[PDB]
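Student: This structure is in structure tokens; I'll ask about it shortly.
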Amino acid sequence: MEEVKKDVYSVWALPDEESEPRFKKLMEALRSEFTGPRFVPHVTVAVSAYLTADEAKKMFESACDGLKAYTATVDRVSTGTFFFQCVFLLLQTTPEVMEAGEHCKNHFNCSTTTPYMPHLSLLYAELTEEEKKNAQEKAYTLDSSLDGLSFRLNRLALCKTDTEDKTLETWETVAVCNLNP
């Protein structure tokens, strides 16, 4: 037996250079008003089970090569019921967005989870319904043209994530890859 360390990895589709700063701007604004951890804009496409570094590397390369750059479209700013789904951008369930998720889950041999609800989280926090309703309005206030906004996902990031760590301290990006147009 060679590689004995194994970790759970998250795979993220990353916004293009053009849209990233619009997203960061809004994230930094909302977390400075509702207090939450700092993290990069991303659209999760898969969460693996336990993988050695070498296995994750291989799955990553396969995903990267067999996935073309695609785009996502903001439907609206929505809110959730727990820490990681506080205020997020709900994305249109287009074929390309749904398939990217399907194909990445195929490559990292993911198990059945919940329906794919593609989204780009804007804030991770535990707020009351009022504070939540307020953060949502604020997103719009800060960026009134979010609805219908389309952005390009041109990179994938391989991330070691303790999907339950609310500090995001265990969250680390291992590798990043450019998706072909």
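Going by the structure tokens order, chains are called A, B, ..., each with residues numbered from 1, while ligands are numbered from 1 in the order shown.
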So that I can see what lies close to residue 45 (chain A), please list as a list in words the residues with an atom at most 9 Å from it, counting only C-alpha atoms and leaving out residues fewer than 3 positions away in the same chain.

Tutor: residues 10, 11, 12, 13, 97, 98, 100, 101, 102, 103, 104, 105, 116 and 118 of chain A

Student: Generate a file of the selected residues that holds N, CA and C atoms, formatted as a compact mmCIF listing (two decimals), in the first residue's frame.

Tutor:
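Output contents, as saved in result09.txt:
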# COMPACT_ATOMS: atom_id res chain seq x y z
N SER A 10 -13.77 18.81 -3.11
CA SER A 10 -14.88 19.49 -3.74
C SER A 10 -14.34 19.97 -5.06
N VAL A 11 -15.18 19.97 -6.09
CA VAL A 11 -14.74 20.45 -7.40
C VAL A 11 -15.56 21.69 -7.71
N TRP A 12 -14.85 22.76 -8.03
CA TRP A 12 -15.49 24.03 -8.32
C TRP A 12 -15.26 24.60 -9.71
N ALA A 13 -16.33 25.12 -10.28
CA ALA A 13 -16.30 25.79 -11.58
C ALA A 13 -16.08 27.23 -11.14
N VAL A 97 -25.13 23.74 -17.79
CA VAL A 97 -24.83 23.83 -16.36
C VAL A 97 -25.12 22.51 -15.69
N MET A 98 -26.26 21.91 -16.01
CA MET A 98 -26.62 20.62 -15.42
C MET A 98 -25.66 19.52 -15.86
N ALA A 100 -22.47 19.81 -16.78
CA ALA A 100 -21.14 20.01 -16.20
C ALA A 100 -21.16 19.32 -14.83
N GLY A 101 -22.27 19.52 -14.11
CA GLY A 101 -22.42 18.90 -12.80
C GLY A 101 -22.47 17.38 -12.91
N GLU A 102 -23.21 16.89 -13.90
CA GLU A 102 -23.36 15.46 -14.16
C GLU A 102 -22.04 14.85 -14.52
N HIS A 103 -21.31 15.51 -15.41
CA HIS A 103 -20.03 14.96 -15.82
C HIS A 103 -18.96 15.02 -14.74
N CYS A 104 -18.95 16.09 -13.94
CA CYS A 104 -17.96 16.15 -12.87
C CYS A 104 -18.23 15.10 -11.81
N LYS A 105 -19.52 14.86 -11.52
CA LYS A 105 -19.90 13.85 -10.53
C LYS A 105 -19.56 12.46 -11.07
N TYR A 116 -29.46 18.60 -8.18
CA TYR A 116 -28.48 19.65 -8.44
C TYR A 116 -29.22 20.97 -8.53
N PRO A 118 -27.79 24.19 -9.04
CA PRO A 118 -26.62 25.03 -9.31
C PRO A 118 -26.74 26.46 -8.71

Student: Enumerate as a PyMOL selection string all residues of region 26-163 of chain A assigned to helix (DSSP H, G or I) by DSSP on the backbone, naming them with the chain letters and numbers the document uses.

Tutor: chain A and resi 26-34+53-65+95-107+129-142

Student: How would the residues just picked look written out with N, CA and C atoms as a short mmCIF file (atom, residue, chain, number, x, y, z; two decimals), in the first residue's frame?

Tutor:
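Final output, saved to part.cif:
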data_model
loop_
_atom_site.label_atom_id
_atom_site.label_comp_id
_atom_site.auth_asym_id
_atom_site.auth_seq_id
_atom_site.Cartn_x
_atom_site.Cartn_y
_atom_site.Cartn_z
N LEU A 26 -19.44 42.07 -4.29
CA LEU A 26 -20.70 41.82 -3.59
C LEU A 26 -20.53 40.92 -2.36
N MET A 27 -19.68 39.91 -2.47
CA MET A 27 -19.46 39.02 -1.34
C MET A 27 -18.82 39.80 -0.20
N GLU A 28 -17.78 40.56 -0.52
CA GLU A 28 -17.09 41.33 0.51
C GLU A 28 -18.04 42.34 1.16
N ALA A 29 -18.95 42.90 0.37
CA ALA A 29 -19.91 43.88 0.87
C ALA A 29 -20.92 43.26 1.83
N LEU A 30 -21.46 42.11 1.43
CA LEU A 30 -22.44 41.42 2.27
C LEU A 30 -21.84 40.82 3.55
N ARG A 31 -20.61 40.29 3.47
CA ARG A 31 -20.01 39.68 4.65
C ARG A 31 -19.50 40.70 5.63
N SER A 32 -19.39 41.94 5.16
CA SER A 32 -18.95 43.05 6.00
C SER A 32 -20.16 43.67 6.68
N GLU A 33 -21.35 43.25 6.27
CA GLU A 33 -22.55 43.79 6.88
C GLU A 33 -23.26 42.73 7.68
N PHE A 34 -23.03 41.47 7.32
CA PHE A 34 -23.67 40.36 8.00
C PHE A 34 -22.68 39.42 8.64
N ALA A 53 -4.42 11.66 -2.87
CA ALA A 53 -4.07 12.84 -3.66
C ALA A 53 -3.93 12.45 -5.12
N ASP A 54 -3.32 11.30 -5.33
CA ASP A 54 -3.09 10.83 -6.67
C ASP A 54 -4.41 10.51 -7.38
N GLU A 55 -5.36 9.91 -6.67
CA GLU A 55 -6.65 9.61 -7.29
C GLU A 55 -7.37 10.92 -7.63
N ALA A 56 -7.33 11.89 -6.72
CA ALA A 56 -8.00 13.16 -6.95
C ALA A 56 -7.33 13.87 -8.14
N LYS A 57 -6.01 13.75 -8.24
CA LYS A 57 -5.31 14.38 -9.35
C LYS A 57 -5.83 13.80 -10.67
N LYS A 58 -5.85 12.48 -10.75
CA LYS A 58 -6.32 11.81 -11.95
C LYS A 58 -7.76 12.13 -12.32
N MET A 59 -8.64 12.20 -11.32
CA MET A 59 -10.03 12.48 -11.59
C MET A 59 -10.15 13.89 -12.06
N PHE A 60 -9.33 14.76 -11.47
CA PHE A 60 -9.34 16.17 -11.84
C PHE A 60 -8.93 16.34 -13.29
N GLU A 61 -7.81 15.73 -13.67
CA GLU A 61 -7.36 15.84 -15.05
C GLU A 61 -8.43 15.34 -16.01
N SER A 62 -9.10 14.24 -15.68
CA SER A 62 -10.15 13.71 -16.56
C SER A 62 -11.31 14.69 -16.70
N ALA A 63 -11.69 15.30 -15.58
CA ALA A 63 -12.79 16.26 -15.58
C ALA A 63 -12.41 17.47 -16.40
N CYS A 64 -11.22 17.99 -16.14
CA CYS A 64 -10.74 19.16 -16.86
C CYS A 64 -10.69 18.97 -18.36
N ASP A 65 -10.21 17.81 -18.81
CA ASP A 65 -10.11 17.53 -20.24
C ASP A 65 -11.46 17.27 -20.89
N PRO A 95 -28.97 23.14 -19.93
CA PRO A 95 -28.31 21.87 -20.21
C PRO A 95 -26.82 21.87 -19.90
N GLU A 96 -26.13 22.94 -20.27
CA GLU A 96 -24.69 22.97 -20.04
C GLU A 96 -24.33 23.03 -18.57
N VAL A 97 -25.13 23.74 -17.79
CA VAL A 97 -24.83 23.83 -16.36
C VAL A 97 -25.12 22.51 -15.69
N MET A 98 -26.26 21.91 -16.01
CA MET A 98 -26.62 20.62 -15.42
C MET A 98 -25.66 19.52 -15.86
N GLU A 99 -25.27 19.52 -17.13
CA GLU A 99 -24.35 18.49 -17.63
C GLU A 99 -22.95 18.59 -17.03
N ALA A 100 -22.47 19.81 -16.78
CA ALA A 100 -21.14 20.01 -16.20
C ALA A 100 -21.16 19.32 -14.83
N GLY A 101 -22.27 19.52 -14.11
CA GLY A 101 -22.42 18.90 -12.80
C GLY A 101 -22.47 17.38 -12.91
N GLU A 102 -23.21 16.89 -13.90
CA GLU A 102 -23.36 15.46 -14.16
C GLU A 102 -22.04 14.85 -14.52
N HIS A 103 -21.31 15.51 -15.41
CA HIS A 103 -20.03 14.96 -15.82
C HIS A 103 -18.96 15.02 -14.74
N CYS A 104 -18.95 16.09 -13.94
CA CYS A 104 -17.96 16.15 -12.87
C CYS A 104 -18.23 15.10 -11.81
N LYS A 105 -19.52 14.86 -11.52
CA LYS A 105 -19.90 13.85 -10.53
C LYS A 105 -19.56 12.46 -11.07
N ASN A 106 -19.65 12.29 -12.39
CA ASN A 106 -19.27 11.03 -13.01
C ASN A 106 -17.77 10.80 -12.76
N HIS A 107 -16.94 11.77 -13.17
CA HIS A 107 -15.48 11.66 -13.00
C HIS A 107 -14.97 11.44 -11.58
N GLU A 129 -34.42 34.86 9.99
CA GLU A 129 -35.14 35.09 8.74
C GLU A 129 -35.10 36.57 8.36
N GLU A 130 -35.29 37.46 9.33
CA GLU A 130 -35.25 38.90 9.04
C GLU A 130 -33.88 39.26 8.48
N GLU A 131 -32.81 38.97 9.23
CA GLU A 131 -31.45 39.28 8.78
C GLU A 131 -31.18 38.68 7.40
N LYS A 132 -31.78 37.53 7.14
CA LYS A 132 -31.62 36.85 5.86
C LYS A 132 -32.34 37.63 4.77
N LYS A 133 -33.61 37.96 5.02
CA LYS A 133 -34.40 38.73 4.08
C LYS A 133 -33.72 40.07 3.80
N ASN A 134 -33.05 40.60 4.81
CA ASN A 134 -32.34 41.86 4.67
C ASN A 134 -31.09 41.75 3.81
N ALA A 135 -30.38 40.63 3.92
CA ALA A 135 -29.14 40.44 3.16
C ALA A 135 -29.43 40.25 1.68
N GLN A 136 -30.57 39.63 1.41
CA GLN A 136 -31.02 39.38 0.05
C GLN A 136 -31.31 40.73 -0.62
N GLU A 137 -32.11 41.55 0.04
CA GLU A 137 -32.44 42.86 -0.50
C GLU A 137 -31.15 43.64 -0.74
N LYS A 138 -30.24 43.54 0.22
CA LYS A 138 -28.98 44.25 0.14
C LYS A 138 -28.16 43.83 -1.06
N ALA A 139 -28.21 42.55 -1.41
CA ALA A 139 -27.47 42.06 -2.58
C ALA A 139 -27.92 42.91 -3.76
N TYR A 140 -29.23 42.94 -3.98
CA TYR A 140 -29.79 43.74 -5.06
C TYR A 140 -29.41 45.19 -4.95
N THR A 141 -29.56 45.76 -3.76
CA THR A 141 -29.20 47.15 -3.53
C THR A 141 -27.79 47.40 -4.07
N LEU A 142 -26.87 46.51 -3.70
CA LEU A 142 -25.47 46.58 -4.09
C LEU A 142 -25.25 46.30 -5.56
#

Student: Excluding region 71-81 of chain A and residues on its chain fewer than 6 positions from it, collect all residues at most 7 Å away from it, counting only C-alpha atoms, and give them as a PyMOL selection string.

Tutor: chain A and resi 87-92+97+132+136+146-153

Student: What is the distance, in Å and to one decimal place, between CA of residue 172 (chain A) and CA of residue 49 (chain A)?

Tutor: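 So the answer is 16.3 Å.
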
Student: Identify, with DSSP run on backbone atoms, the residues in region 38-106 of chain A assigned to strand (DSSP E or B), and express the list as a PyMOL selection string.

Tutor: chain A and resi 43-51+68+70-82+85-91

Student: Taking into account only C-alpha atoms, which residue in the set A:156, A:14, A:125, A:4 is nearest to residue 42 (chain A)?

Tutor: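 Ranking A:156, A:14, A:125, A:4 by distance to residue 42 (chain A), first place goes to A:14.
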
Student: Go through A:38, A:2, A:46, A:180 one by one, measure the shortest atom-to-atom distance of each to residue 109 (chain A) using only C-alpha atoms, and give the residue with the smallest value.

Tutor: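 Ranked by minimum distance to residue 109 (chain A), first place goes to A:46.
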